[PDB]
Amino acid sequence: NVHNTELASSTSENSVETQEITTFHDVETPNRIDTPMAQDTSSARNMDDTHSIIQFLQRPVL
Amino acid sequence: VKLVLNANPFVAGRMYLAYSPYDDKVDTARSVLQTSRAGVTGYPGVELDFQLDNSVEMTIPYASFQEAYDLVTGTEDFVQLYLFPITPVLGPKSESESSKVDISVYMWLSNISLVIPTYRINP
Amino acid sequence: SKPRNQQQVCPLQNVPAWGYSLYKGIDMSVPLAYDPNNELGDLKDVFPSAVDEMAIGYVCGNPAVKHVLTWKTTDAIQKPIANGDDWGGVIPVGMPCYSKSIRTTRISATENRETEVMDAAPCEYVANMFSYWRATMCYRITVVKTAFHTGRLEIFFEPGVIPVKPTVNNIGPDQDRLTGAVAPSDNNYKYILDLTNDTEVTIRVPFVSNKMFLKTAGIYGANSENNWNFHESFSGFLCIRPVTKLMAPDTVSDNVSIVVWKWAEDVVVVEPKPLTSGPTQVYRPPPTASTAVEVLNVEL
Amino acid sequence: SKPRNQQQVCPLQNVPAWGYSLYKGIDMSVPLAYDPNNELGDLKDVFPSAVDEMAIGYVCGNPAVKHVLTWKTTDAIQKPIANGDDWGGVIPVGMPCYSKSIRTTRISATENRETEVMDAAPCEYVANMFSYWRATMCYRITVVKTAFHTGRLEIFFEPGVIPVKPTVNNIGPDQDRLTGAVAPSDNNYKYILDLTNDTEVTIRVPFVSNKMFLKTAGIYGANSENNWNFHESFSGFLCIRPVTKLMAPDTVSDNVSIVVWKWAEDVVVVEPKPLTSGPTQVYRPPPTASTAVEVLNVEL
Amino acid sequence: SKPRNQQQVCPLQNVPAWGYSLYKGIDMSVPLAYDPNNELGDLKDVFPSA
Amino acid sequence: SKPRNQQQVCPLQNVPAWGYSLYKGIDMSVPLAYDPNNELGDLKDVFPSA
Amino acid sequence: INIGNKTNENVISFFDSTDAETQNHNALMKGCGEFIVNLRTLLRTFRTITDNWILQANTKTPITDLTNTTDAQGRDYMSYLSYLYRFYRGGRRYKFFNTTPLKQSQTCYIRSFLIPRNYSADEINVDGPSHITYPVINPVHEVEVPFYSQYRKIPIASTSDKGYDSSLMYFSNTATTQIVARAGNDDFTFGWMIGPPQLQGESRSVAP
Amino acid sequence: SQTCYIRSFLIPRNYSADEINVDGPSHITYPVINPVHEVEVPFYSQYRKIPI
Amino acid sequence: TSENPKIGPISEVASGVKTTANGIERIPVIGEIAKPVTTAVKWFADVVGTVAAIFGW
Amino acid sequence: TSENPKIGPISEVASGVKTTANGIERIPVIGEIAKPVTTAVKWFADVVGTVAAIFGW
Amino acid sequence: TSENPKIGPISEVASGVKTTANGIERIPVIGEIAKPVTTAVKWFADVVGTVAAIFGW
């Protein structure tokens, strides 16, 4: 298969897909281009974690 | 990134959605806007045919040389995202009916790590 | 406790940098470091992709658009589609580059400095590094149309010398010698694409020639006075001619576009020296049309 | 009995002292000795301590006092403690050196020769040998007080660029931008030390940056005209501000002192060349204030 | 970690192209190639007679 | 694929014909021949006395 | 025969001869004797970037006074293949072939030092790992700069953050002139592929 | 008072000097220290054998 | 196991992956050379480890 | 197994065919050297194979 | 057991102690190099011992 690109594919009539709030009917499934084998970026996961949103609100303030 | 396309079935055309990392950083001859048609479409991209795929998706990775992206003290325009016409919009010659393309763009983040607390925020 | 020499007189030659142009060996360069085993680790978590992005397979397998044609509703049948771009519906099957533009600027009021500029695909850009090539060329011919444009299209392969018109500064094809009368496609390998629902077709033309390898010179310095290395670089050409004229209603456009992607598979190359007269030089586009470019010499 | 040569012509390069700057290898220096295996024994019963006194762990793990502050009973709350020493209650977290004095002597009646003098801790003295650093910095903040001085003290970490006032010859911090109004410590990592019985606190700040290593240039040649390498050497600063004002009776002193010790753990360094413009030169103090110092050149 | 030389002073003669007129040996000519083991295969299917 | 030198700087002396007056050794003279192992057989049936 | 564009790509291969991976291997036993697979191995072969690099006596010269001119050209393999990629990683090697009309009444030597990238000569010291050769006996000065970087990879033409990885500095007591030929070391590689730029042909300077 | 060196390059057969570049595998010797320039041209051919 | 009249030919080689070296198949990079953060790079192997040469002795 | 006072003589040799080397018998060529398209030429053996040195590592 | 395409890399190494080489733990010195007054320094080993080379023969 080809590298570093995508083409018109005419895929199936599906993928009501949910990005946690938003869906996204999409009459046919959209053709994806991505990093072919991900090894992403820097060591931000090794510095600290993370925080969440109910863990931000538990911080003391003057 | 997700594009959303919607045209009537009497209008054809093809577009290309490439992204050029460090495009406004490198020397001018190393840009995407200063190369041929066969060089533009050699970038990482996807076809957007008007009558085969009304939506395309694309993951743009962590495109930074340093470790985790600095949010405070600096705009760090690392990757540029362009949308090129391969073919012109192939509509009928009947005016006053508005052959039309009407693209919409959606973006969000993924693989997120957000680590060190500060008290500052950029202007 | 201090005995004599029993070892022979060894023969010797004083060659600094023996075989520096080879990729494999033991290199005599002194590191400006701390450790003689100064060695970075593997490429785990460095680049955003863990695919070997420098293999000749991976680089030449990157497609690029060489033609965007225009097939009107007025164009005749059995005649190659020549509207818009140069080279028309004649695609020379081959890894090197076949199309060039010519930039003309002024030195004086009585002299013009010409410069050949070449649009390179990411397989045409790699073959320029080497002298000879041999590869299975792949093409994807895609029609930009609606659901109401119907037609039929013929893509036949013809090996050997390409029918060309050598100009004084460039080479163009010859559409007069590729009509249905003079050039019948009854004996060629052909594909007759239907355009009622189907759009794409992928064609894999293998390497067929009487030579083990073909030159990678291509369109470099090719004109009327010099066109031998152009013909000995391709061994074939695809030709796109209509079988049925483009049938389209009045409520759609009177044009379709034929977009041709190009890449290569099973690539082998020969000699790590370019076959061109000058060095491999990347064209840096000047700021203004009146200004000049860099001219690399050949004297040592 | 005297046969012919069967050995090949060996290639050769005439390099005396190949790779003399590496720590490991086989050295070609002729001993001025009796025995070619001239070799002292181990370090048993030589030095008064059998600890390897040259490990980067052992050298950088020697603490030194960088700040002796003075926290009065008049100083406001949520404002960094700036009394006595320079840099106040703003300690740049980092292995290099950040404080320098400037000695000014006369060459003529119309010219002054300045000279930058830097107080080095035994970890700041080692990082000056190298180009880049990466270490877990440790601090011990100790309050010199009686049993009757009570207060509370805040030590928060703020990563990145330090708020500084670049002078024409030096860099000082900016206490105007670190008050409680403009710089709230509600989101930083902080420690709120109680001073009713407790005195000391040890803080271990790890290495946090967007870089794999930080520069070791520091305050060397830093001024208004040049301050980039100062900011790219630390990645953070501890700031000492009072939460509660210093509560003290009239029968005790109206001052306490905050003594800050500094060392480092988990130290790695990169390149065995200093990043400074000039050589590493130890400041030998002159006999009289009017006299001059040694100026090492850079021409070869 | 950086010990002294224990190897002897080797005797030497500066002869470029020692015995170039012999059919067998190890030749000191630098290839203008890519690979130091640049080596064609056997003569199978090259000449019309084996 | 093209690694660095790990071998030491070898000491050297430029002596052509080291110990040419000894009966035993390895001689550095180039043969004007075809074969580097150019070697006559034994003295069987050469001289009239064995 | 419904209405609507479609998909279902029809891969066709002309000339049903023989699987090509057998034909390629049989064509390189007779025409090459070598099989160039990867473009990374062309970053380890030394190609000359200049033919006459004229310098003055007693002048510390960074290689970025030469490399910054010849990165744009694309002559050698490290500057031609760099237009396909956006990052790099690893050290670089250099060779300095002497072409000077030398005098016997002097003793010429060639020092080499480290600067970080894009500094000048006056804003760096000379106290580091060095190498010295003598062109009267050893006309080729071979040196290798390691990868001493703050970042795990380096882009092209970055921000005002300068001096984040090391480079070479040249020094010679006499006004020399050389042939510089660079290559990557055993860890050098590019990455993060983009598409190619244009190429340049001849320049005839035609009569009108 | 000069420094002589001997470069060697590749051309394909029977071209002249002006119609070829100098960007290829090369070899350089110095005749003041190494009077013999030894070089080997490989077999980089389009054909499996060459006529006369 | 390679036919060559030179005694040991050059530059003793390591091992890699299982695929064809060209002809697109997305060659992984981590499989090509076999040196992760372990006792296989010789400078991390000398301090894991702890040979005498890292101490100057 | 060859009488010679030099320690190992020269250029370590491969094997061939079974015949007399002159005196016409139509010596086959494919039998003389033993390197067909296989793991016996060292450059095809390095990519069959797939050692680390063909990738630059 | 170390991945390297050079045949034997450099300067054959001895052994040491069991700890981390930095990160303060008071590294003992007698454990680093292993040469006490014994048959392990080669000049005391030649006369303990009594090889022929200490007598000039």
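To keep things simple, chains are lettered A, B, C, D, E, F, G, H, I, J and K as they appear, and every chain counts its residues starting from 1.
FYI, a residue touches a chain if its C-beta (ideal position, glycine included) is under 8 Å from a C-beta of that chain, and two chains touch if they have at least 3 such contacts.
Visitor: Starting at chain D, how many touch steps does it take at minimum to reach chain J?
Guide: So the least number of steps between the two chains is 1.
Visitor: On the document's contact criterion, could you list the chains that touch chain B and likewise touch chain I?
Guide: Intersection of chain B and chain I contact lists gives A, C, D, G.
Visitor: Could you quickly compare B-G and A-I and let me know which has more C-beta contacts?
Guide: Of B-G and A-I, more C-beta pairs in contact link B-G.
Visitor: Give, as an integer number of Å, the spacing between the C-alpha centres of chain E and chain B.
Guide: A distance of 56 Å separates the two centres.
Visitor: Please work out the Cα centroid separation of chain A and chain G, and write it as a whole number of Å.
Guide: A distance of 37 Å separates the two centres.
Visitor: Distance-wise, how many Å sit between the C-alpha centres of chain A and chain D, to the nearest whole number?
Guide: Between these chains, centre-to-centre, one finds 43 Å.
Visitor: Distance between chain B and chain D based on Cα centroids, please, to the nearest Å.
Guide: Distance between chain centres: 46 Å.
Visitor: Scan chain K for residues touching two or more other chains and write them down.
Guide: Where chain K meets two or more other chains at a single residue, that happens at 4-6, 9-11, 21, 32-34.
Visitor: Tell me, which residues of chain H touch at least two other chains?
Guide: Correct list: 10, 23-28, 30, 33-34, 36, 42-48.
Visitor: Mark out which residues of chain F touch at least two other chains, giving numbers and ranges.
Guide: 1-6, 8-9, 11, 15-18, 25-26, 28, 31, 36-37
Visitor: Quick check: in the complex, which residue numbers of chain F touch chain D?
Guide: Within the complex, chain F contacts chain D at residues 5, 8-9, 11, 22-29, 31, 36.
Visitor: Considering only the defined contacts, which chain I positions touch chain E in the complex?
Guide: Contacts found on chain I: 4, 6, 9-11, 52-57.
Visitor: Per the contact definition, I'd like the list of chain E residues that touch chain I in the complex.
Guide: Per the stated touch rule, the residues are 1, 26, 36-37.
Visitor: Please give the residue numbers of chain G that touch chain I in the complex, ascending.
Guide: Interface residues on the chain G side: 21, 37-38.
Visitor: Quick check: in the complex, which residue numbers of chain H touch chain E?
Guide: 8-10, 24-27, 34-36, 38-43, 48-49
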